[PDB]
Structure formats: structure tokens, C-alpha cells
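What follows is a pair of forms of the same protein chain, given separately as C-alpha cells and numbered structure 1 and structure 2.
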Structure 1
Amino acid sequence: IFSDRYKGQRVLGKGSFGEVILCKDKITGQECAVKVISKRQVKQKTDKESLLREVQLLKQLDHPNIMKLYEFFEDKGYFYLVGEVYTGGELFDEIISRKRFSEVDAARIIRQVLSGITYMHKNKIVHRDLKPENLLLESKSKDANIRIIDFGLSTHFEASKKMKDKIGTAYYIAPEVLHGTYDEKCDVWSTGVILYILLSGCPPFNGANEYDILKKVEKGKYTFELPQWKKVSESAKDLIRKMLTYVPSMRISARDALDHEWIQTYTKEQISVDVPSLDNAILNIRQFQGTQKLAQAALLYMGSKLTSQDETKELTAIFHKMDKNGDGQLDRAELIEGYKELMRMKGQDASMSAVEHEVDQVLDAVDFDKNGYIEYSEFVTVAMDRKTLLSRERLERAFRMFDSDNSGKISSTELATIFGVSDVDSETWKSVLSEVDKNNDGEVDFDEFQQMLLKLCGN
């Protein structure tokens, strides 16, 4: 049983198929990351014979560019996958902060990805959902190793149709995955898409929304027409052509991609080639990452608002039931029990126990002196209306990051892109914008953008 060995320490974030918690071995103090997969929410593809067997194989494999899996647990409601924690964050979030970026830098990155992929394919493990989000760093530095996360998961679990879960996925998926017949070569395609983005800052198959992108992927046509491709070697372009070859049997293997002249030439420890900064690509990749992260932040903000509405209602009912006097005022002990009851009531909560500190932090705000009893109505507000901070601050941070010129505003064209990626219908967000500000002249500030998101989630 998972809880016998590990204690949750803090939430790392939401990943594919479930939340990721930083945990600690109760005996040895070893830190690890655990992915908790809800058996209710997430459908299984294969039998458990197959799932257990793949897990046992993964436990025996080791490669410096693949996330290390340590252990597997299960209960009636969840799977717990335990593995090594990496603290360097996502690759692209590191790249966007660089001032210089060359073909050499791109080559070093892609060689690591290809090395990990080659090793997993040798063991008949396919990723299928390879994308920048699945490339973590061991530290936030251009010199740190890349670790690929989520190999093998898509073989055993079905992806949700929820847009917050499938935002940003269309750019990287192989055409043959869309049509249903795929094998390990799909991972070479996704890596080719990533390389194309590193060298130009723009996806080869681009579009305003999921459908537009997938239509371009399926046709399979892409070009080096953009001006910034003049700064890129023909050798790099040749590798991209081989990796983005449409028919998978004609597409280069990960193993042979590692032997390609570009990889061999540009990953030399000693730089012997020209290294002009791909400056336009850096500007573009910042814009790309920025747009992707703001769209993700927006959907997570709307989700968290809905969740807070539900929890506000459930928490007030709980305290009302506890309030036998009917005076609306409870003490510290009662408030903690009620909050703990809420976290059980909504079964889909994080693995954490964070209530008592939360309670004391709320009480500090509501009644610093701790004279006695607390208006539980006041507590609920401060408990919920502050607990949304994580998503509210993340939304603002994503807005600021996106606004690279510090204009304080997002244009209608940018809104079209952001909402298109977010699966918000054109007429719908324009209608809401009109409701928020009649005299808007094709741009919103942060508050207006926030107001739009609230109207888009029934608030």
C-alpha cells in the first residue's frame, strides 16, 4: 500500500493522466515524484496482465534521457506510479530565457531526445504523445540533461477529450496516429516536429484551432518557406525531411537519425562550425510558448473557478450541519473537521492534509487575536477565494509572459489565436467581449481578459 511507504510533501502539478505529487519515503527520506491515475476518470486500454508486465519491464530499464520509474501501487480507486523527480522544469521554459540559440544547441537537445527514444524502441516501448511538455530538465540550465516523461502510458490508458487535457497536442501527433495504424515511427515524427520548432520557432503544421492543425498534419505538407530557414543548414533540413516523411516505413528510424550527419557534426563537444544565433526563431518560440501557456492558464483558471463554486456550496452545507446553535460561529477545531470533510466529499481532490495550516492562515486574516469563534461564512470565502490564488497568479504570470513588449494589452488577433487554441468559439468570445466592454477597440487588458474568462465559465 502506497501510504505505508510514501508521504506526500507538495504538489508538483497536473500531468497527462493525473496529478503529480512530490513524495518522500517514510524510512529513507528519499524524495520521489508520484503520478496518481484515477481508475474512474481514466479508462484502461489493455488487460492488467499487460499493464503489470510493462511496468515490470520499465523498472528494469535505465537511460539518462528517460525518466526512471521505481515502483507501482494500486488501490480500488487509483494507480500510483512512483519515479525520479526532476526539478529543472520544461525544456521550452528554459529555452525562452536564452539570449543566444544556435543549430549546435538545437542539435544537442535533439540528440538527447533521439538517444532516449532509440533505447525505448529497442525495448518495444512507444511514446505516441511526445511533445515539449514531456521534455523535463534535471536543472534549469542549457547544460542540464533532458529526461523524457510518459513513455508507455498511452499504450495502456486512453486520453480524455477534455480540452484542458488535450490543449497543444495537435502540433506533434503523427498522421498515422490520427488514422489508427501506428508503431514506434510515430515518435520520430513528433521529434521532427520539435526539431522544426527549435530551428524556426514555428510549428510546421500550424493553425488557429485543433481542427485546422490536424487537417494540416493529415495532409502532411510543410515547407521551409519562412525567412528564418535561410539561417539554417541544408543538413538540418535534410534530417527534418527524413523524420517528417509521411509513410512510416519510409521514415527514418530513431537509431539512424542518431547517425545523421547533422547530429554527428553539430553535437561535437568542440564547436567547429558556424554558430550564428537563430534570433528570429527565439522570438517566435517565445511567442509560441507564451501563447500555449496562456491558453493552458486560461482553461485551468476557468476550471478552478467552477471547482470553487462547487466547494463553496459544499463547505457551507457542512458547516451549517455542524452549526447546531445556529449562530453561524464555529471554533478552530470545528473548522478543521469541516474542511477535512469537504476534501473527502469531493473524491477528486489532491493527495493532500493541507487544511489545518490553511485554516490557521485563514484565521490569521479573519480574526488575528483569536478571541474565540469565527463567522464560518467569512472563513469559507477566505478559504476558497484565496485558495484560487495558484490559478489566478498563474493566469496573470502567463498574461505578463505573453505580453513581451509590456503593452499591458492583448490584441483581437492574439485573442483569436489564444481562444482558438483553447476551443472557445469565435462568435462566443466576441459576444462576451462585447458584454464586458462595448467600446473595446480590438484589445483587452488583463482585468478585461479575466472578466471574459469568468463569463465563459457561467460566471
Structure 2
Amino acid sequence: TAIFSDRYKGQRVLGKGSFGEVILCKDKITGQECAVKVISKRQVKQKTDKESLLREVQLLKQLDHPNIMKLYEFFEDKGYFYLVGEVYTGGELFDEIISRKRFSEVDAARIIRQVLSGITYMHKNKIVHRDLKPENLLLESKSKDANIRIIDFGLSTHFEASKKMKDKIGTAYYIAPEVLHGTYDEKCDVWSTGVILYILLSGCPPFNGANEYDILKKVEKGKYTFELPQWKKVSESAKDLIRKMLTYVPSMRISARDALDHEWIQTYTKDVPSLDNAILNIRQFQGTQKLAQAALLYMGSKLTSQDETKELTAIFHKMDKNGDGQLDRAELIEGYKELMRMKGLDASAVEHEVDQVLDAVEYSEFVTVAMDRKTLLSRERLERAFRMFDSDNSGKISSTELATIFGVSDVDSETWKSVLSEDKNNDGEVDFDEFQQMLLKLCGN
């Protein structure tokens, strides 16, 4: 088997996806940029054997469709899997819809016609997504008229899903009822696309709730209504496709192929009023999801930072021979690499990361800067998410909004209310510092 680091080099972290982090890597000869998903074998358990994974990857490489992500290579070592594929700079689909001023059924029809064309192609090759959601709908380029590329097709079949809430944010909305009970087939992707189509034309999920188990309760029952003012401006054929896509029994449910031939897809692609109420609801929804996610990733980063701060200090304590509390530049690289070796790109990137800390910055001061640089992304994303969530720029977030944020994050109502009081003002609203202080107290600080 070939080695990944010998062919590729890490450029920058693009983000966090399902089953692992996505790194922008570049080929050391041709210079081709690629987005590599790094799945840790310790944190992610396999549902299938090695021969089944190698056979699916081999097929996935030969598959090609303009609305499906392209996979180029695959590597494996003692504790990692490297899925190498194409880079898409357009970002998530919903992040683009919140920035534009006008959105209509013609935009939603062109969006879902692409998603269906991608799903139809992957169904013919006997590949299922299972966890289809807006987060997996990336745009190929920064231009407005850009193709939608679906990511993570077939990973759910070979890798076990996470039980951590930071990895399950917003999944309960789009999951099909048959997937929760065990027996399911490719029709679960039509339900998920049906839920996305519902949110594109209204901005509120069909199966909604104040917590994960309340959302799954509505999904399992399978009941939903078009009883909102925003559904009056929408056509009847759009609702007929939704009714067919959200049919409880999968055998009675429409296929991805037959959904393209529907009267709504054929009329709105081949009067069209703007859905203004849906844009504000998608904006309010997207912001709530991203702040709830950033809150959990901030709490997770503080726990791993405190865990790694004491670990790096214990490694440098043993390496200190005389006991002056100082170490050489070459020694700090051996200890910083030892911290990475114990906790699961290469030696050159590890040596560069130590030089980046030493340019700014005693080994106690080195750990303080090095560990703050690891959390720099999670601290800034939390503040940026709080600012975006606070659309009226009042600087505060009300108790009703906190209950919605903590509700999506699965933090119990009685737990965050006890933490809020440990701020005795009783204002019924909190600023960023007060919100940050609550998250710190909710993760043992």
C-alpha cells in the first residue's frame, strides 16, 4: 500500500464534515489541489469489512456526475483513512440563499432538479446517502449560476454514525422514519430531499421540535401540514411533489427518477413571485443551527485544550533535565510531536507549527500560545455566529432564543438556567461575554 504524505501535503483546514476533518491538500508533483477527508479509525468504527470498503471505493472512483462529488484516491495507515476528492469553493447551498435578496419556486426547482439528478444517478449504481442534508449540498464555485455537488455518498453504509451531539446537529430534521427503525432502502434519500424542498419553500422544517427526541417523535409519527401563511404564495404542484416525496411507506413513495418527471419540476425549469417570508425564515433557521453548532464545538475545544495543556506540560516536565523551566527549540519539536503521537499532516508540518509558536513566543509560555492557537478557530467562530444570530445588532440574545439554541444543542432547560444564575441581574437576556461564560460553566470551568 502507498503512503499518503509521500504524494500530498497539507495547505489549510477547510472545515469539519461527517466522520472527520477536511484538509486542503496539494499534490507534490502535479500541483493539483484536493479536499481530503481524514477519518480517524479510533473515533469512527467501521460497519463493514476492509474488502467491502475497498470494493465500494473502487466503484465510487469510476463514477462521474456533475451533481456528485468526484473521488480521486484512497489511502489507509494504522489509525487513519484518507478519502481524496475534488475541492468546491462555493460553500454550502443555504449560506448562499441567505445572502441573496430574491428567491422563488424557479430557484428551488432548479436546486432540487440538480439534487434529484445526482440522487437518481447514484441510485442506478446501487449507492445510498442515508444522511442527506443541506450541509452536504456544496456549490461547485463562488458564482451564482454554479452546479450543486452532493458530498458523503455511501459513507454511512461503511462507517458508524457518531453519538456525540456536536456531530448530530440538524440531522434529526432530514432523517427518514424507516432509517430509525432499521429496515430502509434508497427511498430514504427522496424523503430527505422532500424535507429540504419543504424548507426551501417555507424556511421552517416540516418535523420540528424543541429538542432532538421531540424532532424524531414528529418524524416517526410522519404527520406534517402546509398550515402557514408562507404556503399560500406557493403552487399546488409544489405541494403535490412534497406530499409524494414525504409518503410514509417507502414502497408507495416516489422514486428519484419519477420525481424529475413531476409537473412542478417540468414547469418551473423548462407567474413566479418571490418568497420573501421563506428567505427570512431560512436566515433565522441557518443562524440558529450555526450558533448551536459553534456553542458545542467551543465547549468541545475547551475540554480538549485543557486535556492537551496538562499533557504537553507533563511531557516537557520529563524532558527538563536540570529543572530551570526552559527547553531548546529542537527539544520542543520532540515533545510537541510526542503529544500528537500519543493523541493519534507529517513531521515537516509539525516542525513548522512549532516555529509558528516560537516566532510569537519558558516552555509554560509556549503551551499557552500553542493551545490558544488550536482554539483560535472555535473562539472566533462562536463570536461570529453570535453576531450573525443577533440580526438586529442589539448585542443581546433573549431567553426564548437561548431555549431554542440550547434546545438544538440538547442542553437540558434546568441545567443552563442554573448556570445563567451563577448573572444574578435577572434581565431575561444575555450578551456575548455572558453567553460565553455560560458555555464555559456548562463544560466544567
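Along the sequence of structure 1, residues get numbers from 1 upward. Think of the rigid core as the biggest set of C-alphas that the two forms share within 1.5 Å after superposition.
Q: Given a rigid core superposition of the two forms, which one of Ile149, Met384, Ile109, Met302 has its CA shift by 2 angstroms or more between structure 1 and structure 2?
A: Between the two forms, the residue that moves is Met384.
Q: Can you give me the hinge-style rotation of the smaller rigid part versus the larger one between structure 1 and structure 2, in degrees?
A: From C-alpha superpositions, the smaller part turns by 9 degrees.
Q: Could you tell me how many Å the Cα atom of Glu314 shifts between structure 1 and structure 2 when the rigid core is held superposed?
A: Looking at the C-alpha of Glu314 between structure 1 and structure 2, the offset is 2.4 Å.
Q: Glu334: how big is its Cα shift between structure 1 and structure 2, in Å, with the core superposed?
A: For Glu334, the alpha-carbon shift amounts to 4.5 Å.
Q: With the core fitted, just quote the Cα shift at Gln41 between structure 1 and structure 2, in angstrom to one decimal.
A: After core superposition, the C-alpha of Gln41 moves 1.0 Å between structure 1 and structure 2.
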